Amino acid sequence: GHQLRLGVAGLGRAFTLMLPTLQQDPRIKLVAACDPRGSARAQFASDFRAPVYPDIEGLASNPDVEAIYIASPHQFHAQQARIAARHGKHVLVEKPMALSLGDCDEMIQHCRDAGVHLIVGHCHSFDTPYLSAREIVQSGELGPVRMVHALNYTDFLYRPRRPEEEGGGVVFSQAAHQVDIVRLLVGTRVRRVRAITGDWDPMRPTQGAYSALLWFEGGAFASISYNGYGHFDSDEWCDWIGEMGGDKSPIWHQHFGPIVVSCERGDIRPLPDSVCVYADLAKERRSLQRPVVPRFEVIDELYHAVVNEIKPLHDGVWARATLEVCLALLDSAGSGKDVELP
Amino acid sequence: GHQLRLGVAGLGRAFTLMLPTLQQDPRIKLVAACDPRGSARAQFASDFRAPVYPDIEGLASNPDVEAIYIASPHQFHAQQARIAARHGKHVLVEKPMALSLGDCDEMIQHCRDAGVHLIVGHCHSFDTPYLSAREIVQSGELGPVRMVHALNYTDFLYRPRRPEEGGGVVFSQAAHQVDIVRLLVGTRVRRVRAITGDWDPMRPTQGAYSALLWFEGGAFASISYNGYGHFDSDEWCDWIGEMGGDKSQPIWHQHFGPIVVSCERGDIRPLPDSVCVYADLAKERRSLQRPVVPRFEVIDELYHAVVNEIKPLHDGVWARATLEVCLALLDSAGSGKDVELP
Ligand SMILES: NC(=O)c1ccc[n+]([C@@H]2O[C@H](COP(=O)([O-])OP(=O)(O)OC[C@H]3O[C@@H](n4cnc5c(N)ncnc54)[C@H](O)[C@@H]3O)[C@@H](O)[C@H]2O)c1
Ligand SMILES: NC(=O)c1ccc[n+]([C@@H]2O[C@H](COP(=O)([O-])OP(=O)(O)OC[C@H]3O[C@@H](n4cnc5c(N)ncnc54)[C@H](O)[C@@H]3O)[C@@H](O)[C@H]2O)c1
Ligand SMILES: O=C(O)c1cccc(O)c1
Ligand SMILES: O=C(O)c1cccc(O)c1
């Protein structure tokens, strides 16, 4: 109802990252959890005075549960979403939604059939500075987007959230956010992708870096670069605020590295603490409110979908679209040619 | 001799940009000029008490001239270099060397045959911060280059030098970018994929681009440029402008926008006032000396070529190679496909 009664499937790293949000947002009450590990279940029952289960059948069968947050490893998402849906539970599943388009399709179908909402976990494209930059684009204040340039230099490869890195770890985890933000901002279909990955650390035989071109319906183009190898830190270019809102040198908004949106008549630079507008008339630092609850935008989509029936932007269809781009990046770098997106 | 005796062909915008350099560098004496404009000739005779001519035949026939600086519009370069060479004058020609590979070939051949040195005008790849970053890469200190990311957001399209506008921002602006990237990686470009953007009717030329470059040995670069004068990426180069000025009279080095060089074991960020090295052990701001003469690196190549016979890095062959990449960018953007380089 007023307090969304949330069950959690998979009490891992994603869950723990999401916890301050679920704790501090007054719209959420944690009512149950499942986890195959006894020590996680035990932690949760203690922490939230709440029933726990070894699996999703148990969580999904608890009728007090209204919605299930899926933070299990990716290969259980499709199954866990299916079971939640069968039992009339709305679903918030972490990025990645799934690692195949087939899993995603099934997920969409099952939630569609059960008549429950399907929203995809935390993605940085939920972050207020991007929603706000999206608002500018959609307002027509600067005309349509023509070019987007995005870059993130991080230490993901060596100081990550571990179980995400199946090959292309930084694509499915890191490019997911980047592509999502770019899609949010441009607001049209990706039609073509061309990607180069870099992989130059034997100790870490996975792709740690990439550069990609994206062509969008309507003729806007994006370039996105990522480097996970932990040397230069591009938070220097985001007013020295880290990914999770923290100060580097009472939080600010989350972000995913320097991004410049070029509209026909001006540039938008979303920052963790403001949105900078460069138009031919004025140069503007437009203030943002400091978030009281981190990642509250995630809870907004969920709360409004379940309580008010408002179709959420970050649905299954949306997330599957980002997955498809991510698969296309990997195919492009792997094969050395363009991928065309239907 | 000790003072290189320099004739100037074409007293245009390039010349005037180069002038503080030619004035202040003690190795240079301006001894003669040609220009089809009587008012430019008159200005020069007055300023430098020096003989002037309507054309290159006159400048080339002055036997006191040791070297000729060609600052004429591009379509006269090949002819003016041919004539200089015929008369045993060394040649410094502005970027662009020429706009066709045929012109360039002729230029190389003529200077080769006459036994005179051929160097290509100012290019930002001459700038000390890049030479210094090059020194690090070539030293093996951080291992080979694996990735380069370069971007420049400027007001070129609307506040340019103006006789530089086919594909104006490619031949003028991407020339510097590609040159810097070539200098830094230090191997051949093998492949290019480019998108250009052109979204101002009042300015029906390409004002923006993003391109992928593959290099021999597997390094890749991505380069982005946007000339539409909104965001100003000098913000990311310690607020120092292209020509070394402060944008918050001793000045700093010249540059061509934010560049990050990823070597196998570290990143190099060349800045107008330092070279930042991010290696696994330490993060280092390596200081540079403030130049006494702007663009002295250009006079170093010329002076050392003519007086000491040291083959210059920025020769005709080198410059032609950047032109070839630039043609390839335009061909790639213009068509929907990769261009492979010989
Ligand atoms: N690591 C991150 O920061 C992060 C962020 C975004 C999304 N994700 C996604 O969420 C997934 C969950 O892993 P994590 O990164 O949160 O850390 P993690 O591996 O510590 O957490 C996953 C935990 O979920 C539990 N789980 C629940 N149901 C399960 C089932 N049926 N079978 C097996 N285990 C089950 C397991 O005990 C497992 O340890 C990741 O694989 C990734 O796909 C992770
Ligand atoms: N505009 C710049 O700042 C800049 C920078 C780098 C290189 N360049 C290159 O140098 C070229 C020179 O133009 P500019 O931009 O310096 O400005 P500009 O057009 O003011 O100067 C070029 C002048 O050279 C003179 N000239 C000399 N010999 C000539 C000849 N044989 N025929 C005709 N004119 C002759 C002309 O009077 C002409 O006006 C440009 O076209 C460009 O290719 C320009
Ligand atoms: O959504 C997240 O929790 C997250 C945070 C860090 C990186 C990543 O892959 C995802
Ligand atoms: O090399 C130059 O003199 C120059 C100066 C500014 C920008 C440009 O296109 C070229």
# chains A, B, ... in the order shown; residues from 1 in each chain; ligands from 1
call {"tool": "residues_around", "arguments": {"residues": "residue A:185", "least_positions_apart": "3", "cutoff": "8 Å", "atoms": "only C-alpha atoms", "output": "MDAnalysis selection string"}}
result
chainID A and resid 130 133:134 137 145 181:182 261
call {"tool": "residues_near_ligand", "arguments": {"ligand": "ligand 2", "cutoff": "6 Å", "atoms": "only C-alpha atoms and all ligand atoms", "output": "NGL selection string"}}
result
:B and (9-15 or 35-37 or 55 or 71-74 or 76 or 94-96 or 161-164)
call {"tool": "interface_residues", "arguments": {"of": "chain B", "to": "chain A", "cutoff": "8 Å", "atoms": "only C-alpha atoms", "output": "PyMOL selection string"}}
result
chain B and resi 146-147+149+195+197+199-200+210-212+219-222+224+229-231+236+264+266-267+278-280
call {"tool": "residues_near_ligand", "arguments": {"ligand": "ligand 3", "cutoff": "12 Å", "atoms": "only C-alpha atoms and all ligand atoms", "output": "PyMOL selection string"}}
result
chain A and resi 12-21+71+93-97+120-127+152+154-157+159-165+169-178+180+228+242-245+254-257+294-295+298
call {"tool": "select_by_dssp", "arguments": {"residues": "stretch 51-186 of chain A", "states": "strand (DSSP E or B)", "output": "list in words"}}
result
residues 52, 53, 67, 68, 69, 70, 90, 91, 92, 93, 118, 119, 120, 145, 146, 147, 148, 149, 150, 151, 152 and 153 of chain A
call {"tool": "select_by_dssp", "arguments": {"residues": "stretch 68-183 of chain A", "states": "alpha helix (DSSP H)", "output": "PyMOL selection string"}}
result
chain A and resi 77-86+101-114+128-139+169-170+176-183
call {"tool": "write_last_selection", "arguments": {"atoms": "C-alpha atoms", "output": "mmCIF file, in the first residue's frame"}}
result
data_model
loop_
_atom_site.group_PDB
_atom_site.id
_atom_site.type_symbol
_atom_site.label_atom_id
_atom_site.label_comp_id
_atom_site.auth_asym_id
_atom_site.auth_seq_id
_atom_site.Cartn_x
_atom_site.Cartn_y
_atom_site.Cartn_z
ATOM 1 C CA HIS A 77 17.056 -13.761 -12.856
ATOM 2 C CA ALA A 78 14.858 -15.252 -15.560
ATOM 3 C CA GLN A 79 13.724 -18.146 -13.354
ATOM 4 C CA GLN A 80 13.216 -15.996 -10.246
ATOM 5 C CA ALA A 81 11.256 -13.398 -12.167
ATOM 6 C CA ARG A 82 9.069 -16.149 -13.677
ATOM 7 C CA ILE A 83 8.262 -17.543 -10.251
ATOM 8 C CA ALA A 84 7.575 -14.099 -8.684
ATOM 9 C CA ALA A 85 5.258 -13.271 -11.599
ATOM 10 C CA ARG A 86 3.476 -16.630 -11.322
ATOM 11 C CA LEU A 101 17.825 -11.630 -25.139
ATOM 12 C CA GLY A 102 15.860 -14.849 -24.706
ATOM 13 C CA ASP A 103 15.948 -14.649 -20.899
ATOM 14 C CA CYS A 104 14.805 -11.004 -21.145
ATOM 15 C CA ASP A 105 11.967 -11.863 -23.553
ATOM 16 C CA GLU A 106 10.668 -14.586 -21.241
ATOM 17 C CA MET A 107 10.937 -12.165 -18.266
ATOM 18 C CA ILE A 108 8.879 -9.502 -20.102
ATOM 19 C CA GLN A 109 6.283 -12.082 -21.231
ATOM 20 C CA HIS A 110 5.844 -13.634 -17.767
ATOM 21 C CA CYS A 111 5.376 -10.254 -16.051
ATOM 22 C CA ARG A 112 3.105 -9.091 -18.857
ATOM 23 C CA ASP A 113 0.963 -12.208 -18.474
ATOM 24 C CA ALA A 114 0.844 -12.112 -14.673
ATOM 25 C CA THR A 128 18.509 12.690 -10.969
ATOM 26 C CA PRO A 129 21.156 14.719 -12.956
ATOM 27 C CA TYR A 130 20.378 12.525 -16.008
ATOM 28 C CA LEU A 131 16.645 12.601 -15.520
ATOM 29 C CA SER A 132 16.976 16.384 -15.308
ATOM 30 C CA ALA A 133 19.140 16.587 -18.448
ATOM 31 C CA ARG A 134 16.571 14.374 -20.165
ATOM 32 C CA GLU A 135 13.909 16.891 -19.086
ATOM 33 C CA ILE A 136 15.802 19.682 -20.844
ATOM 34 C CA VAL A 137 16.134 17.659 -24.049
ATOM 35 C CA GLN A 138 12.478 16.662 -24.073
ATOM 36 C CA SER A 139 11.437 20.287 -23.335
ATOM 37 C CA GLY A 169 32.635 -8.278 -17.672
ATOM 38 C CA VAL A 170 33.044 -4.490 -18.136
ATOM 39 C CA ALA A 176 25.233 -1.142 -19.420
ATOM 40 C CA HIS A 177 25.147 2.094 -17.407
ATOM 41 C CA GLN A 178 26.849 4.114 -20.115
ATOM 42 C CA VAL A 179 24.529 2.939 -22.940
ATOM 43 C CA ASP A 180 21.505 3.349 -20.647
ATOM 44 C CA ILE A 181 22.390 7.002 -19.887
ATOM 45 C CA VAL A 182 23.072 7.732 -23.545
ATOM 46 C CA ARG A 183 19.763 6.116 -24.596
#
call {"tool": "residues_near_ligand", "arguments": {"ligand": "ligand 4", "cutoff": "10 Å", "atoms": "only C-alpha atoms and all ligand atoms", "output": "PyMOL selection string"}}
result
chain B and resi 13-18+71+94-96+120-126+156+160-162+164+168-176+242-243+254+256+295
call {"tool": "write_last_selection", "arguments": {"atoms": "N, CA, C and O atoms", "output": "short mmCIF file (atom, residue, chain, number, x, y, z; two decimals), in the first residue's frame"}}
result
data_model
loop_
_atom_site.label_atom_id
_atom_site.label_comp_id
_atom_site.auth_asym_id
_atom_site.auth_seq_id
_atom_site.Cartn_x
_atom_site.Cartn_y
_atom_site.Cartn_z
N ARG B 13 46.90 34.81 -42.08
CA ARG B 13 46.49 34.62 -40.70
C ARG B 13 47.49 33.69 -40.02
O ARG B 13 47.96 33.96 -38.92
N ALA B 14 47.85 32.60 -40.70
CA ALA B 14 48.89 31.71 -40.22
C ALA B 14 50.16 32.51 -39.95
O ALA B 14 50.71 32.40 -38.86
N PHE B 15 50.61 33.34 -40.90
CA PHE B 15 51.80 34.15 -40.67
C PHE B 15 51.64 34.94 -39.38
O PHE B 15 52.54 34.95 -38.54
N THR B 16 50.48 35.60 -39.22
CA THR B 16 50.36 36.55 -38.12
C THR B 16 50.32 35.82 -36.79
O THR B 16 50.82 36.35 -35.81
N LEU B 17 49.78 34.59 -36.81
CA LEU B 17 49.78 33.74 -35.64
C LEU B 17 51.20 33.33 -35.27
O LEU B 17 51.50 33.17 -34.09
N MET B 18 52.05 33.14 -36.30
CA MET B 18 53.41 32.65 -36.13
C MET B 18 54.38 33.79 -35.75
O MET B 18 55.50 33.54 -35.30
N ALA B 71 52.98 30.44 -45.93
CA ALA B 71 51.73 30.68 -45.21
C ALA B 71 50.62 31.11 -46.19
O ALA B 71 49.68 31.77 -45.82
N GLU B 94 52.70 25.82 -43.86
CA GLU B 94 51.68 25.71 -42.83
C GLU B 94 50.87 24.43 -43.03
O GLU B 94 50.82 23.88 -44.13
N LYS B 95 50.27 23.96 -41.93
CA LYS B 95 49.17 23.02 -42.05
C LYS B 95 48.05 23.76 -42.77
O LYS B 95 47.90 24.95 -42.56
N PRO B 96 47.29 23.16 -43.72
CA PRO B 96 47.58 21.84 -44.25
C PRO B 96 48.70 22.01 -45.25
O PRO B 96 48.80 23.03 -45.95
N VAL B 120 56.47 20.74 -41.98
CA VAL B 120 55.08 21.19 -42.02
C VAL B 120 54.66 22.00 -40.79
O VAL B 120 54.52 21.44 -39.71
N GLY B 121 54.46 23.31 -41.09
CA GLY B 121 54.16 24.57 -40.36
C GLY B 121 53.95 24.35 -38.89
O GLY B 121 54.64 23.49 -38.34
N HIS B 122 53.05 25.11 -38.28
CA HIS B 122 52.71 24.71 -36.92
C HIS B 122 51.69 23.57 -36.92
O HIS B 122 50.65 23.66 -37.58
N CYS B 123 51.97 22.52 -36.16
CA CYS B 123 50.95 21.54 -35.79
C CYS B 123 51.06 21.38 -34.28
O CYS B 123 52.18 21.41 -33.77
N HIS B 124 49.92 21.22 -33.59
CA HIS B 124 49.90 21.14 -32.13
C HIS B 124 50.69 19.94 -31.62
O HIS B 124 51.02 19.91 -30.44
N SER B 125 50.98 18.99 -32.53
CA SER B 125 51.81 17.84 -32.19
C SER B 125 53.24 18.27 -31.92
O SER B 125 53.97 17.50 -31.31
N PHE B 126 53.64 19.49 -32.34
CA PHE B 126 54.94 20.05 -31.96
C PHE B 126 54.95 20.51 -30.49
O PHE B 126 56.01 20.79 -29.94
N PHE B 156 35.36 26.95 -32.79
CA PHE B 156 36.03 27.06 -34.07
C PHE B 156 35.06 27.50 -35.17
O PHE B 156 35.45 28.29 -36.04
N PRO B 160 36.67 31.33 -35.75
CA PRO B 160 37.88 30.67 -36.23
C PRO B 160 38.95 31.61 -36.79
O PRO B 160 38.92 32.82 -36.61
N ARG B 161 39.94 31.03 -37.45
CA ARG B 161 40.71 31.76 -38.42
C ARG B 161 39.71 31.29 -39.42
O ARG B 161 39.12 30.26 -39.16
N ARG B 162 39.60 31.97 -40.54
CA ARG B 162 38.45 31.80 -41.42
C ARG B 162 38.75 31.31 -42.85
O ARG B 162 37.87 30.71 -43.47
N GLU B 164 40.25 28.73 -43.66
CA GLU B 164 40.25 27.28 -43.55
C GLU B 164 38.85 26.69 -43.78
O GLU B 164 38.69 25.47 -43.74
N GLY B 168 35.87 21.44 -43.66
CA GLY B 168 36.70 22.42 -42.96
C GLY B 168 37.27 21.99 -41.60
O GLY B 168 38.45 22.20 -41.38
N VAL B 169 36.45 21.40 -40.71
CA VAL B 169 36.97 21.10 -39.38
C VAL B 169 37.86 19.86 -39.37
O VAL B 169 38.71 19.74 -38.50
N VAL B 170 37.65 18.96 -40.33
CA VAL B 170 38.57 17.84 -40.50
C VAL B 170 39.96 18.31 -40.92
O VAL B 170 40.96 17.94 -40.30
N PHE B 171 40.04 19.14 -41.96
CA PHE B 171 41.33 19.46 -42.55
C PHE B 171 42.10 20.41 -41.65
O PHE B 171 43.32 20.43 -41.71
N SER B 172 41.39 21.22 -40.87
CA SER B 172 42.03 22.16 -39.96
C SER B 172 42.17 21.57 -38.55
O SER B 172 43.25 21.64 -37.98
N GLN B 173 41.07 21.05 -37.98
CA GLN B 173 41.08 20.70 -36.57
C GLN B 173 41.51 19.24 -36.34
O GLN B 173 42.29 18.98 -35.43
N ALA B 174 40.98 18.29 -37.15
CA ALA B 174 41.32 16.89 -36.98
C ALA B 174 42.78 16.64 -37.35
O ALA B 174 43.40 15.74 -36.81
N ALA B 175 43.32 17.46 -38.26
CA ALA B 175 44.74 17.46 -38.58
C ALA B 175 45.58 17.51 -37.29
O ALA B 175 46.49 16.69 -37.13
N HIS B 176 45.30 18.46 -36.39
CA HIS B 176 46.05 18.51 -35.16
C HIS B 176 45.79 17.25 -34.35
O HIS B 176 46.72 16.70 -33.80
N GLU B 242 44.06 27.39 -26.07
CA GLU B 242 44.78 26.69 -27.11
C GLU B 242 46.17 27.28 -27.30
O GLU B 242 47.12 26.55 -27.58
N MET B 243 46.30 28.59 -27.11
CA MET B 243 47.54 29.28 -27.43
C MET B 243 48.31 29.57 -26.16
O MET B 243 49.27 30.31 -26.18
N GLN B 254 51.13 25.49 -25.61
CA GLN B 254 49.95 25.33 -26.44
C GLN B 254 49.44 23.91 -26.28
O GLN B 254 50.18 23.03 -25.87
N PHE B 256 45.78 21.10 -27.56
CA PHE B 256 44.64 20.86 -28.45
C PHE B 256 43.63 19.95 -27.75
O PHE B 256 43.16 18.97 -28.33
N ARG B 295 55.81 28.28 -29.39
CA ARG B 295 55.95 27.44 -30.57
C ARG B 295 57.42 27.32 -31.00
O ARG B 295 57.72 27.06 -32.17
#
call {"tool": "residues_around", "arguments": {"residues": "residue A:307", "least_positions_apart": "5", "cutoff": "9 Å", "atoms": "only C-alpha atoms", "output": "list in words"}}
result
residues 1, 2, 4 and 302 of chain A
call {"tool": "write_last_selection", "arguments": {"atoms": "C-alpha atoms", "output": "PDB file, in the first residue's frame"}}
result
ATOM      1  CA  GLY A   1       0.000   0.000   0.000  1.00  0.00           C
ATOM      2  CA  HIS A   2       1.523   3.234   1.341  1.00  0.00           C
ATOM      3  CA  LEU A   4       5.521  -1.090  -0.286  1.00  0.00           C
ATOM      4  CA  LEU A 302       8.745   1.073  -8.358  1.00  0.00           C
TER       5      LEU A 302
END
call {"tool": "residues_around", "arguments": {"residues": "residue B:51", "least_positions_apart": "4", "cutoff": "10 Å", "atoms": "only C-alpha atoms", "output": "ChimeraX atom specification"}}
result
/B:7,31-34,41-42,44-46,58-59,62
call {"tool": "atom_distance", "arguments": {"atom1": "atom CA of residue B:27", "atom2": "atom CA of residue B:294"}}
result
13.4 Å
call {"tool": "atom_distance", "arguments": {"atom1": "atom CA of residue B:167", "atom2": "atom CA of residue B:225"}}
result
12.9 Å
call {"tool": "atom_distance", "arguments": {"atom1": "atom CA of residue B:307", "atom2": "atom CA of residue B:28"}}
result
11.9 Å
call {"tool": "residues_around", "arguments": {"residues": "residue B:259", "least_positions_apart": "5", "cutoff": "7 Å", "atoms": "only C-alpha atoms", "output": "PyMOL selection string"}}
result
chain B and resi 149-151+269-270
call {"tool": "decode", "arguments": {"residues": "stretch 211-222 of chain A", "atoms": "N, CA and C atoms", "output": "JSON list (two decimals), in the first residue's frame"}}
result
[["chain", "number", "residue", "atom", "x", "y", "z"],
["A", 211, "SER", "N", 36.09, 1.64, -26.58],
["A", 211, "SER", "CA", 35.58, 2.83, -27.24],
["A", 211, "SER", "C", 34.59, 2.36, -28.28],
["A", 212, "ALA", "N", 33.43, 3.03, -28.33],
["A", 212, "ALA", "CA", 32.39, 2.63, -29.26],
["A", 212, "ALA", "C", 31.72, 3.85, -29.88],
["A", 213, "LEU", "N", 31.32, 3.67, -31.15],
["A", 213, "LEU", "CA", 30.44, 4.61, -31.82],
["A", 213, "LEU", "C", 29.03, 4.03, -31.85],
["A", 214, "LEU", "N", 28.04, 4.90, -31.56],
["A", 214, "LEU", "CA", 26.64, 4.56, -31.70],
["A", 214, "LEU", "C", 25.98, 5.55, -32.65],
["A", 215, "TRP", "N", 25.24, 5.02, -33.63],
["A", 215, "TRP", "CA", 24.38, 5.80, -34.52],
["A", 215, "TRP", "C", 22.94, 5.68, -34.01],
["A", 216, "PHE", "N", 22.22, 6.79, -33.89],
["A", 216, "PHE", "CA", 20.84, 6.75, -33.39],
["A", 216, "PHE", "C", 19.86, 7.13, -34.50],
["A", 217, "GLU", "N", 18.64, 6.61, -34.38],
["A", 217, "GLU", "CA", 17.57, 7.00, -35.26],
["A", 217, "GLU", "C", 17.42, 8.51, -35.17],
["A", 218, "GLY", "N", 17.45, 9.20, -36.32],
["A", 218, "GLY", "CA", 17.30, 10.64, -36.36],
["A", 218, "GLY", "C", 18.63, 11.34, -36.64],
["A", 219, "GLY", "N", 19.74, 10.59, -36.58],
["A", 219, "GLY", "CA", 21.03, 11.07, -37.02],
["A", 219, "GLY", "C", 21.94, 11.59, -35.89],
["A", 220, "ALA", "N", 21.51, 11.49, -34.62],
["A", 220, "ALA", "CA", 22.43, 11.79, -33.54],
["A", 220, "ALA", "C", 23.42, 10.64, -33.47],
["A", 221, "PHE", "N", 24.62, 10.97, -33.00],
["A", 221, "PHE", "CA", 25.61, 9.94, -32.81],
["A", 221, "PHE", "C", 26.18, 10.10, -31.41],
["A", 222, "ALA", "N", 26.67, 8.98, -30.85],
["A", 222, "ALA", "CA", 27.35, 9.04, -29.58],
["A", 222, "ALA", "C", 28.71, 8.38, -29.72]]
